[PDB]
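Note sheet for the following structure.
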Amino acid sequence: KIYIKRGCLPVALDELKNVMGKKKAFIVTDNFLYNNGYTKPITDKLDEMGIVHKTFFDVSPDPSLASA
Amino acid sequence: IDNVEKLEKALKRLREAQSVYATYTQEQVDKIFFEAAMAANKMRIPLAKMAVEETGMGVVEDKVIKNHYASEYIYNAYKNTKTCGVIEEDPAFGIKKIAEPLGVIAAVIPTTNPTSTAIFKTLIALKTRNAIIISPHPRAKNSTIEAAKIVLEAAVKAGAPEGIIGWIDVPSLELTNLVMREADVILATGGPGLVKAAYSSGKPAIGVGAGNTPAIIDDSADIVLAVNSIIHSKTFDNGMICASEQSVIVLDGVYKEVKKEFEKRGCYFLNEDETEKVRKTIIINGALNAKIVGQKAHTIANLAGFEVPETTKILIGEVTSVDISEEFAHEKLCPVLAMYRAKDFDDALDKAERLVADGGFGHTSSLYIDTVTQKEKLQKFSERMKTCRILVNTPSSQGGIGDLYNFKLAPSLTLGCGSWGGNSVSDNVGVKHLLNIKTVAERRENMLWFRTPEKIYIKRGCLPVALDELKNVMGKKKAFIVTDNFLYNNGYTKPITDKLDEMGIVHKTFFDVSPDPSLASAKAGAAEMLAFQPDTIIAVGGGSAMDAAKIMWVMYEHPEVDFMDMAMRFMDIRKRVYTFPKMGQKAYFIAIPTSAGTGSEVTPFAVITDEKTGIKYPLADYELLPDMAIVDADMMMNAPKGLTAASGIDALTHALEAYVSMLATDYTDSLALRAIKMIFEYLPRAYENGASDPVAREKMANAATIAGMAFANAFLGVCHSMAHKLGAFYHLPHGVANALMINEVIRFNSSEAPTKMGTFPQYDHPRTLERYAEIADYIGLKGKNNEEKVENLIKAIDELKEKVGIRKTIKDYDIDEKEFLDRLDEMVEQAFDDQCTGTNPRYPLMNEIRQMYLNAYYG
Amino acid sequence: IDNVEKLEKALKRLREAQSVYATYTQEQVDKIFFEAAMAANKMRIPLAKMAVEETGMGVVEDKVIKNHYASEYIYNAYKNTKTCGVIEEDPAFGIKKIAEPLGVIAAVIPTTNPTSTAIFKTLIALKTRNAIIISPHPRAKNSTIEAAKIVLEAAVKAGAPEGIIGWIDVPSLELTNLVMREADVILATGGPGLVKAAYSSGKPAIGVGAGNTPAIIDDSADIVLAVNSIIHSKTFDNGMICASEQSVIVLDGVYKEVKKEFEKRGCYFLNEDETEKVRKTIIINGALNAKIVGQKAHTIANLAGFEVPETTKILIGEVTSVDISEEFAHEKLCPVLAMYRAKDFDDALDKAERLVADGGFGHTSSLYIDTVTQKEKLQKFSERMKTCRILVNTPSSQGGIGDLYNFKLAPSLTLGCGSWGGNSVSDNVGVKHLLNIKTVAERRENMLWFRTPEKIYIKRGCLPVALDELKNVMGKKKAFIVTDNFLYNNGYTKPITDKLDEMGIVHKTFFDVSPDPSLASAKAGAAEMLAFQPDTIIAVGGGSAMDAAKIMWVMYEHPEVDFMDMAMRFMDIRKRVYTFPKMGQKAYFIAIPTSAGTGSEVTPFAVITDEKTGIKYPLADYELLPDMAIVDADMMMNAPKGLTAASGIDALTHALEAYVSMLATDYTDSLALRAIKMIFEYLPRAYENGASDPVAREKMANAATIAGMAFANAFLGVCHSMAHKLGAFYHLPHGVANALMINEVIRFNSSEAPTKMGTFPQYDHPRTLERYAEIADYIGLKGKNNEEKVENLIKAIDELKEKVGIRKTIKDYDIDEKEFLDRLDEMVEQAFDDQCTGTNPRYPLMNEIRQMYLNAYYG
Amino acid sequence: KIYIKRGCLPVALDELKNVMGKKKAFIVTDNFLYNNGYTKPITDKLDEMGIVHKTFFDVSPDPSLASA
Ligand SMILES: [Fe+3]
Ligand SMILES: [Fe+3]
């Protein structure tokens, strides 16, 4: 399930509920990306469905074992 | 305004001023709204006094409360709403919603709320950059004009166009009917007989119904709360406001307590003579009396012909008849109330449903109940009642316009009733019903994908080492081999049967798969597996065997499936009407090919022919991917010359159509080009030398698998839609059927000006000639101007067909001409109705299909 | 069905079937929808062939596309949309929605889309549990009836009622008029005349408008994309589908390139004679020709009188005029096209607006632009175009029915054109337009609050310790003391100034505040504060001092505030029109009382008298809470006897009103009870002894502050509403005015059958008698049946008034009777229109207030 | 600003936007409450108002200094 073309993020994320039925999501991102709000569309989409999400942004470049 | 000509002049000036007001910003609208709200808020007492003096009905204090509500709660509700520009925006898509004013509104005003309704409507018209005509009632015109002037002066002082609000000085039927026919939208609140004209005026309208409001009191309820709420609601403004209780139904077990409380809190119960007098004085000639509305209970009693204590609040009459004959079942805007008795909750529900109909059908109803214990009764009441407002433990008069007792309910003085009441709102009319919503849409492209089966194994002699994965990473102990009779007879399952027997797996084999498999064989195989209870399904053989095994797997794991529903034409594979069931639980599928060019071990296609009509249905869904697609070259050696030629040509056609397809993405173009190069460079060597040249056979198998993936991710074109029918009508092999039509399709797709296009978001213009030129350049014909390259490619394909022993024309395959021309019409009709023609860049018509297929048959 | 009586019988059967259908569950409706979707999708080619053979215009393949669309895309837009029961559920409030069906739909089908529209309407009606009757066009009866049958015999087989779908076999004008008037809703397509009649019927109508569609092409756009999209949309189904590009506007920058691109791909540009012939053949007597719609360009040219190559697609004639007289400016349902030359973007917008307003007002328009580097032009286009659909870089025919080129747009025919075209839709008609939504509302209560100023300091001699915090903690530099003349002249501000001097803080004192503070004193104080710029404000004194200092603080922090706007009456303190500006930006507001019975150090109330009108304007908002209120008994040990008595009685009245308030809660109740007990126990000792009794003075201080808190959190009643006016009209002390009215107000409120009620959700039934009995029981009085207790309470209040030397009646304070009788009518009017009136647990009328005034005067 | 009576949580929380203007919220709660979805009424209103929020739910009975 490799998905291509623009604007495919919400359409691809539709499969989490309609086909798969998942309930809990754990976003792993970067502090630089999280501060500017690069996970905003994903969290907004997961809110449109009955999915609860938790974000973890304590990851640094050259990720060390402590963050893992 | 007392003449027609003045009316057109006023309408013209109002349209001119609205054309200016419609281009204001949010800040100016907020300023005007705030100033008008304050000006209307600080003049409640004089307006109420004027309304009471003019109409001669109602009480001053409740009118003051109504004015305060209509001037303050409206502002508190709609001060923070956005009604100017972009409301909703989704940058991922192209959607953009823009709010625009509605136009010039024509509003009518009743006598029940001469001033509060005018204030509310003027405020909501000012908020939405609209213009309004007020049509005052002939009996209460002065107060309405005064309220309109009060709002208008503040609006124009705040920086609004002068001619925003208009009004009719002396109203008449002709003037109102002319106003209604010219305005864009009509706001009707004047009751029936006028709302019907508004709806039959020829313009969009927003009207209101009204009528009887049943109230239910049952055993599990607070008697004091219910009685006092009913008294408050009924006595608010002498019951003149609509949406107030007109009848109360009390269950049998609490009748005495309710009657005692009603008597204690100051209500007078009528006896038979009093009931007769009251019911005779309420309705005159089948119509509500005009001198009884808004008057006190004492005045009603005096007019009826008797006397009551001066402190009586509600006249209550106990009745039994619910039909229209009873005169207490009618609506009445006065403190007279009717009381009913019920022996059970179902009887109360039946009674209340007769009282809502024929009266306030779709308006409102009330129920007093304990909402913690009696959960089922609440559901039953909610389901049964055909009213747009269902109130629980709330007074009806203040709950119909509810922002006082309940929140998240629109605070409106105009109450729609839905299709039940003969109007089109079904909600409290708010600020969102006076706006137009424009949708701006940007062109977006369809989402694509790239799906392949897992664990694709590519090397010689990999079959034993790969089959070692059983009982190593899994626990499969039962195998069901599906093969062909020819392969089974020559012992081609021996390398697999020996390997399975070496490990601890029992196996059963099925070898009743004829070429062009029939549905009966698939059903027999499914029944055999159902009797055998296998764990994994191994499909060995050519394309027909693998497709038949796929169908058997589908019928084995979901024995309730209907074949005719699966073979169903769809426009978009993601928007299928029929959804294939999930299939991964009862069996594990492995595909081992012996024929090369079919390439069905990496594709979702399972094309099979019918058992009765012999029609080829190409059913395809991504639930059919044969995971663990193993390719072994040593099993691919003993193929005769004809089979190799047909397989090679079929693989070449697969690669060509995958490259030129409309859904062809960049992830597949590389595979298509590589497969085309491989097939062109190595097919003759494998065809002539045979099994003595293992390199050619290995390269041909690899090219076939690559092209299989290529056309698995990108669907075919019209050549396959023609070749399927050609092979089903005259029993020709699939490869040679594809071979005889490729040149015509190449010449058909290559056209700068086609009659029809493919209708795809990303195929924005004909590009097929450039794609074929790219194919020619990659393969190395070195032509000129993108046209000679296509001709060179056609000539090269013809030469390749010559070198592999494919005859030039269909006529050379011993086909009678008369039967050909007799079946041509049916064959064209079936060819157009195929799944493969959907993704073709040109979308061929039937006449073009016939012309091309005749060209291919004649030369 | 070809006669009126047959139609009426059919309508009765339809209603009977819909009544049974309207109670189906979700699973059943899902099954009906699914089976109907298969039935409509399978028979896609036969219906297209039937329609093209019957109608005589159109192309078979595009009709097949439309038939496939109207089933597949409709099914996969609402397959899992909940529409049976509770769709919204908010447990915190009482809101719940039911989404009930609508009833009977009268469908009016056009001739351009006979089958697809019928399938779409039937499916959407089936999904919403409605019943539909179809009135086909006379020219295309059979195809529509056949499509309805194909859907119906599958819906019935799936488990649905029998006569859900009905149709009129032989349509007529009278039959259509009858079926429009007898149906619940009218869903109408087919352009003007029929929609005008549908809206002029008297029933809700959802109608379709139609008209032109201009396509703007500017300098910065893909020429190939724009040209090919326009060609595709225009040639789709020979252009009978609505919203097709009837004109094109191209700027001179790319005019020649666009012309070359059109010429390259199958188009014909007319000359002067051909344009004239085409103009004379499109329009006949100011109307569209019926023999030109749906045919190819070759046939149109043949009827015109010239010849064109058989492969031509579009005929284009260059025109400059854009008025109504031009025959190329109308909407043509044929492949004929008109080209316009525009100097710049503004000229193109002006022309497009003219085409939209003259013709397709509100339908749709198209723009081809670069959406990345032309934001301002795109925004101007979105703002100026008055069409419900605005498509950018999208073909109009496939863009209007949007599920192909843009998602998140409703896939549907039946496009509503909004109030611009004369129909109340302004959207794409879908499922949500065929439902009635019922609102279930449960009784909810307003939230309450407990707001007090921070840092309340309460002991004897705590003033120096409290003021020491001004430097060691906050760090202020400038102080502005406000007091009154008499309090200043006797040196009661000496300790404060001494402490400020010791701390080293510069201070300035303003003391020109007179009793009954006016606006002149407040303005002078604010001017002094502006000139001095203090960092903290210290308000020392009684009632006048705190109110004057609060007004000076407000005018000092926000000098643009109008006083007549803060003095406006509100129903809910949290829903008022005027919002107070935030305070505390500049200075603190420490408050030190020198009397007991005002409570102003803990309340948000202020009151001042205008100099000219001479009437008090109480105002209240929690932005006036004096932070760090200091209550020291040393500052107020030497008050005279009359002031002590008046203050004690005012505090007692505050506590009583706070207890019997509608907004009363436990927090205020405990404080009110304690204050009442302390006032009853210690007031005579303070009055008779004075400074010789410090314990009584301190207890009275604490009781006054506690009562202040109590009536700050819960508002007052009706005694203050008339006491303020009594004190203002005849110049009496506030406590004296309170004393003369509390006894009659207690009896007024104590009533089991009040004329009106306070209309507060928390106040279900009258309970003031029980509250007064609770007060009497807490004090220590004796009685029976909750009435003798209240009588004993009144007697005790009379005894307390007698002890502290307060007279019995108003007339005992030397007020003329003629003056009272000549000012009573104005005094009652002023008293009713007061802020304190709306909180009383018994809504007063004017006559009741006048009667209370007379009883107070005459005893 | 002590707020009482039932159904006052959304009305009180509305002040976070319509009065003050905050933009980031840090919810602190216990394991049991978070697992049983008792913070959902608050997070729903925060999402409706348009306020980013993050939840810490790692507190225990008789809390220690490590959790703080
Ligand atoms: Fe094939
Ligand atoms: Fe007071």
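By order of appearance in the structure tokens: chains A, B, ..., then residues from 1 within every chain, and ligands from 1 in the order shown.
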
Original post:
Counting only C-alpha atoms and all ligand atoms, which protein, DNA or RNA residues come within 8 Å of ligand 2, given as a ChimeraX atom specification?
Top reply: /C:597-599,650-651,654,720,734-735

Output of the above residues as a compact mmCIF listing (two decimals), in the first residue's frame, restricted to C-alpha atoms:
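Listed below is the output, out.txt:
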```txt
# COMPACT_ATOMS: atom_id res chain seq x y z
CA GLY C 597 -24.41 49.38 55.87
CA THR C 598 -23.19 49.86 52.32
CA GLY C 599 -21.11 46.76 51.57
CA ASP C 650 -29.58 48.79 55.20
CA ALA C 651 -27.31 45.81 55.95
CA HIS C 654 -29.26 43.56 51.96
CA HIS C 720 -34.23 48.38 46.70
CA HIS C 734 -30.79 54.90 52.00
CA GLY C 735 -31.23 52.90 55.19
```

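Chain B and chain C, identical in sequence, superpose over all their Cα atoms with an RMSD of 0.4 Å.
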
With 12 Å as the limit and counting only C-alpha atoms, what residues in chain C lie close to chain D? Please list them as a short mmCIF file (atom, residue, chain, number, x, y, z; two decimals) with N, CA and C atoms, in the first residue's frame.
```
data_model
loop_
_atom_site.label_atom_id
_atom_site.label_comp_id
_atom_site.auth_asym_id
_atom_site.auth_seq_id
_atom_site.Cartn_x
_atom_site.Cartn_y
_atom_site.Cartn_z
N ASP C 90 -25.61 15.26 22.55
CA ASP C 90 -24.77 16.05 23.44
C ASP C 90 -25.25 15.84 24.88
N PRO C 91 -24.63 14.93 25.63
CA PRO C 91 -25.10 14.67 27.00
C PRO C 91 -24.99 15.85 27.95
N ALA C 92 -24.00 16.72 27.79
CA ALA C 92 -23.83 17.83 28.72
C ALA C 92 -25.04 18.75 28.72
N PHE C 93 -25.56 19.07 27.53
CA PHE C 93 -26.81 19.80 27.40
C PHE C 93 -27.94 18.80 27.14
N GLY C 94 -29.11 19.30 26.79
CA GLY C 94 -30.25 18.42 26.56
C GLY C 94 -30.60 18.21 25.11
N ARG C 443 -34.58 20.28 30.15
CA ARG C 443 -34.47 21.45 31.01
C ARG C 443 -33.07 21.55 31.60
N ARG C 444 -32.44 22.72 31.43
CA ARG C 444 -31.10 22.97 31.93
C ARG C 444 -31.10 24.26 32.74
N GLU C 445 -30.13 24.39 33.64
CA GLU C 445 -30.04 25.53 34.52
C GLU C 445 -28.77 26.33 34.24
N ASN C 446 -28.87 27.65 34.43
CA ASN C 446 -27.71 28.52 34.31
C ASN C 446 -26.68 28.20 35.39
N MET C 447 -25.41 28.39 35.05
CA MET C 447 -24.36 28.27 36.04
C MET C 447 -24.36 29.50 36.93
N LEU C 448 -23.88 29.34 38.15
CA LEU C 448 -23.74 30.44 39.09
C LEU C 448 -22.26 30.69 39.34
N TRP C 449 -21.96 31.64 40.22
CA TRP C 449 -20.59 32.04 40.47
C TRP C 449 -20.46 32.50 41.92
N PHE C 450 -19.21 32.55 42.39
CA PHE C 450 -18.90 33.13 43.69
C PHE C 450 -17.64 33.96 43.51
N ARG C 451 -17.81 35.25 43.24
CA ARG C 451 -16.71 36.15 42.97
C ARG C 451 -16.60 37.19 44.08
N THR C 452 -15.45 37.22 44.74
CA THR C 452 -15.14 38.20 45.76
C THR C 452 -13.76 38.79 45.49
N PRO C 453 -13.51 40.02 45.92
CA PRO C 453 -12.16 40.59 45.77
C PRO C 453 -11.15 39.80 46.59
N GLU C 454 -9.92 39.76 46.09
CA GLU C 454 -8.86 39.07 46.81
C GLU C 454 -8.32 39.95 47.94
N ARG C 574 -24.30 37.95 31.89
CA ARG C 574 -23.32 37.41 30.96
C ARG C 574 -23.75 37.53 29.51
N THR C 579 -20.27 45.58 26.96
CA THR C 579 -19.27 44.91 27.78
C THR C 579 -18.31 45.94 28.37
N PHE C 580 -18.09 45.86 29.68
CA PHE C 580 -17.21 46.81 30.34
C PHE C 580 -15.76 46.56 29.93
N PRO C 581 -14.97 47.61 29.74
CA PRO C 581 -13.54 47.42 29.44
C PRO C 581 -12.79 46.88 30.65
N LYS C 582 -11.69 46.19 30.37
CA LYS C 582 -10.90 45.59 31.44
C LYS C 582 -10.27 46.66 32.32
N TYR C 622 -18.64 43.03 37.25
CA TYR C 622 -17.57 42.51 38.10
C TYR C 622 -16.20 43.08 37.76
N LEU C 663 -31.40 33.91 42.49
CA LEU C 663 -30.05 33.41 42.28
C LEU C 663 -29.41 32.90 43.57
N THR C 665 -27.91 30.70 46.46
CA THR C 665 -27.28 29.39 46.57
C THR C 665 -26.76 29.23 47.99
N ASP C 666 -26.20 28.05 48.27
CA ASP C 666 -25.75 27.75 49.63
C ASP C 666 -24.67 28.71 50.09
N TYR C 667 -23.74 29.05 49.19
CA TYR C 667 -22.65 29.96 49.53
C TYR C 667 -23.19 31.29 50.04
N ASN C 713 -22.80 38.43 45.44
CA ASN C 713 -22.86 37.21 44.64
C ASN C 713 -24.28 36.94 44.14
N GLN C 762 -33.86 27.96 37.67
CA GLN C 762 -33.63 27.37 38.98
C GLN C 762 -34.83 27.52 39.90
#
```

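If you lay chain D over chain A with a least-squares fit on the Cα atoms, the RMSD you get is 0.3 Å.
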
**OP:** Could the residues that lie within 12 Å of ligand 1, counting only C-alpha atoms and all ligand atoms, be listed as an NGL selection string?
**Re:** :B and (543-544 or 547 or 596-600 or 603 or 605-608 or 616 or 618 or 646-658 or 704 or 707-708 or 711-712 or 715-727 or 733-739 or 836)

Deliver the residues from the most recent selection as a file, using C-alpha atoms, as a short mmCIF file (atom, residue, chain, number, x, y, z; two decimals), in the first residue's frame.
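Below is the file that was written, selection15.cif:
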```cif
data_model
loop_
_atom_site.label_atom_id
_atom_site.label_comp_id
_atom_site.auth_asym_id
_atom_site.auth_seq_id
_atom_site.Cartn_x
_atom_site.Cartn_y
_atom_site.Cartn_z
CA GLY B 543 -2.55 -18.36 -16.51
CA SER B 544 -5.78 -20.33 -16.81
CA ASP B 547 -7.03 -17.75 -12.41
CA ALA B 596 5.79 -17.25 -19.05
CA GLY B 597 3.84 -14.43 -20.65
CA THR B 598 0.60 -14.74 -18.69
CA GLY B 599 2.03 -12.92 -15.65
CA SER B 600 -0.96 -13.69 -13.42
CA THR B 603 -1.94 -9.30 -10.71
CA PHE B 605 -7.10 -10.15 -12.45
CA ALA B 606 -8.86 -13.52 -12.47
CA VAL B 607 -10.56 -13.48 -15.90
CA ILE B 608 -12.67 -16.61 -16.44
CA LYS B 616 -15.20 -13.99 -20.69
CA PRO B 618 -12.40 -10.26 -16.29
CA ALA B 646 1.86 -16.58 -27.74
CA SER B 647 3.20 -15.89 -24.24
CA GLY B 648 5.83 -13.47 -25.54
CA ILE B 649 3.33 -11.52 -27.63
CA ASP B 650 0.89 -11.40 -24.71
CA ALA B 651 3.62 -10.03 -22.42
CA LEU B 652 4.59 -7.45 -25.04
CA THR B 653 0.97 -6.29 -25.30
CA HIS B 654 0.73 -6.17 -21.49
CA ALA B 655 3.80 -3.94 -21.28
CA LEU B 656 2.66 -1.67 -24.12
CA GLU B 657 -0.82 -1.13 -22.69
CA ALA B 658 0.59 -0.63 -19.19
CA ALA B 704 6.92 -11.43 -18.22
CA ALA B 707 5.29 -6.56 -17.27
CA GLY B 708 2.88 -8.42 -15.00
CA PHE B 711 -0.07 -3.92 -15.80
CA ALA B 712 -1.13 -4.98 -12.30
CA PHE B 715 -4.90 -1.20 -16.06
CA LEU B 716 -5.09 -2.28 -19.70
CA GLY B 717 -6.57 -0.63 -22.79
CA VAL B 718 -8.96 -1.52 -25.62
CA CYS B 719 -6.73 -4.16 -27.25
CA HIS B 720 -7.43 -6.63 -24.44
CA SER B 721 -11.12 -5.73 -24.48
CA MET B 722 -11.09 -6.85 -28.12
CA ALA B 723 -8.77 -9.85 -27.74
CA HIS B 724 -10.84 -11.38 -24.93
CA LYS B 725 -13.93 -11.48 -27.15
CA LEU B 726 -11.87 -12.60 -30.16
CA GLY B 727 -10.54 -15.57 -28.20
CA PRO B 733 -5.23 -18.67 -28.20
CA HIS B 734 -4.95 -15.56 -26.05
CA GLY B 735 -1.51 -14.55 -27.32
CA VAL B 736 -2.35 -14.79 -31.01
CA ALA B 737 -5.66 -13.03 -30.31
CA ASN B 738 -3.71 -10.12 -28.83
CA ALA B 739 -1.20 -10.27 -31.69
CA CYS B 836 -10.48 -2.81 -19.83
#
```

Find the residues of chain D that sit at most 12 Å from chain A; for each, write down the nearest two atoms and how far apart they are in Å, to one decimal. Count only C-alpha atoms. Sort by chain, then by number going up, and give it as a tab-separated table.
```
residue	atom	partner	partner_atom	distance
D:24	CA	A:35	CA	11.9
D:34	CA	A:52	CA	11.3
D:35	CA	A:52	CA	11.1
D:37	CA	A:52	CA	9.9
D:39	CA	A:52	CA	11.5
D:40	CA	A:52	CA	9.6
D:43	CA	A:52	CA	10.5
D:44	CA	A:47	CA	9.3
D:46	CA	A:47	CA	12.0
D:47	CA	A:47	CA	8.7
D:48	CA	A:47	CA	10.6
D:50	CA	A:44	CA	10.6
D:51	CA	A:40	CA	11.5
D:52	CA	A:40	CA	9.5
D:53	CA	A:55	CA	10.4
D:54	CA	A:54	CA	8.3
D:55	CA	A:54	CA	8.5
D:56	CA	A:54	CA	10.4
D:57	CA	A:54	CA	11.6
```

**OP:** Looking only at strand (DSSP E or B) from DSSP on the backbone, list the matching residues of region 22-63 of chain A as a count of residues only.
**Re:** 10

For chain B against chain C, which residues fall within 7 Å using only C-alpha atoms, given as a short mmCIF file (atom, residue, chain, number, x, y, z; two decimals) with C-alpha atoms, in the first residue's frame?
```
data_model
loop_
_atom_site.label_atom_id
_atom_site.label_comp_id
_atom_site.auth_asym_id
_atom_site.auth_seq_id
_atom_site.Cartn_x
_atom_site.Cartn_y
_atom_site.Cartn_z
CA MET B 38 -28.30 49.06 21.70
CA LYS B 42 -32.87 51.01 25.41
CA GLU B 61 -44.68 43.72 31.34
CA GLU B 72 -30.42 41.34 23.58
CA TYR B 73 -30.42 37.56 23.04
CA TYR B 75 -27.01 40.07 19.73
CA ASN B 76 -25.57 37.66 22.29
CA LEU B 102 -29.47 36.96 0.00
CA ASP B 184 -36.21 37.77 -3.62
CA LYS B 196 -50.00 29.75 1.81
CA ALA B 197 -50.00 32.81 -0.46
CA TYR B 199 -45.49 29.88 -0.77
CA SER B 200 -47.78 30.18 -3.82
CA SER B 201 -46.27 33.54 -4.77
CA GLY B 202 -43.58 32.35 -7.20
CA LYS B 203 -40.53 33.26 -5.09
CA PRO B 204 -38.61 31.34 -2.41
CA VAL B 224 -45.40 20.86 41.49
CA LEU B 225 -42.78 21.49 38.80
CA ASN B 228 -46.13 25.55 37.85
CA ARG B 265 -52.13 27.83 42.54
CA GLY B 266 -55.18 29.81 41.41
CA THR B 387 -43.06 17.84 15.95
CA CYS B 388 -39.88 19.80 15.26
CA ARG B 389 -39.50 20.78 18.95
CA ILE B 390 -39.79 18.15 21.69
CA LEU B 391 -39.51 19.69 25.16
CA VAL B 392 -38.90 17.72 28.35
CA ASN B 393 -39.74 19.30 31.73
CA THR B 394 -39.78 22.76 30.12
CA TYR B 405 -34.44 27.21 29.66
CA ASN B 406 -32.27 25.28 27.19
CA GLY B 418 -40.77 21.56 8.22
CA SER B 419 -42.54 19.65 5.48
CA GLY B 422 -46.23 23.14 4.80
CA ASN B 423 -42.97 25.10 4.94
CA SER B 424 -39.29 24.41 4.38
CA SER B 426 -37.84 22.52 10.18
CA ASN B 436 -26.01 32.18 -0.03
CA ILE B 437 -23.01 29.83 0.03
CA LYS B 438 -20.72 29.85 -3.00
CA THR B 439 -18.32 26.93 -3.45
CA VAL B 440 -14.96 27.54 -5.13
CA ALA B 441 -13.43 24.29 -6.38
CA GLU B 442 -9.88 23.68 -7.61
CA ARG B 443 -8.93 20.83 -9.93
CA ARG B 444 -7.43 17.97 -7.92
CA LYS B 575 -15.75 3.53 -5.53
CA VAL B 577 -20.63 -0.70 -5.55
CA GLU B 752 -3.93 14.50 -32.11
CA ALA B 753 -7.68 15.16 -32.55
CA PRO B 761 -8.15 14.28 -13.99
CA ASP B 764 -5.55 16.75 -19.46
CA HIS B 765 -4.65 16.53 -23.17
CA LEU B 845 -17.02 4.34 -29.79
#
```

**OP:** Measure the distance from CA of residue 66 (chain D) to CA of residue 26 (chain D) in Å and round it to one decimal.
**Re:** 18.1 Å

**OP:** Using DSSP on the backbone coordinates, identify all residues within chain D classified as helix (DSSP H, G or I); present the result as number ranges by chain.
**Re:** D: 9-13, 15-20, 31-35, 40-49

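Near residue 747 (chain C), within a cut-off of 10 Å and counting only C-alpha atoms, sit the residues residues 768, 769, 790, 791 and 794 of chain C, with same-chain residues fewer than 6 positions away left out.
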